[PDB]
């Protein structure tokens, strides 16, 4: 649904994330819990983490960060053809955890902020717009599987 060139911009900056998936996951997840702390309620196990340094020292949060980015990277590498990868993820997020689409929008803002905080030279306005379009595709399709399972997304 994006252009070939737009996916090349998405996958180019994603290459920068693969050089440090753990660090990126920590910054994204911490950025998510600082900007929208209601999302932290979806993590009973991160309740005892009061400070940003505690969060950065939680191996469990680092591991949860790598699991999500690993799945996001597998989805973006399909360049839109992600039905087989996006449906199990939707199920995990609906039936198990009830993650509203609004919360996938929050982490997307966190991703954008972090990617542009670390790699502005490889994340100008064309790259941002490309990535924003990849993430919107991912959210808009997760929400269709959500409905398909009977979960509206709120």
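Positions refer to the first chain, counted from 1.
Stretches 129 to 137 and 142 to 150 differ in mean CA B factor, with 142 to 150 having the higher one. Higher mean CA B-factor, judged across 57 to 65 and 36 to 44 from the recorded values: 36 to 44. As recorded in the PDB entry, 93 shows the highest C-alpha B-factor of the residues 102, 93, 31, 118.
Ranked within its chain, residue 49 lands in the highest third, by CA B factor from the PDB record. Per the deposited record, the Cα B-factor of residue 111 falls in the lowest third when ranked against the other modelled residues of its chain.
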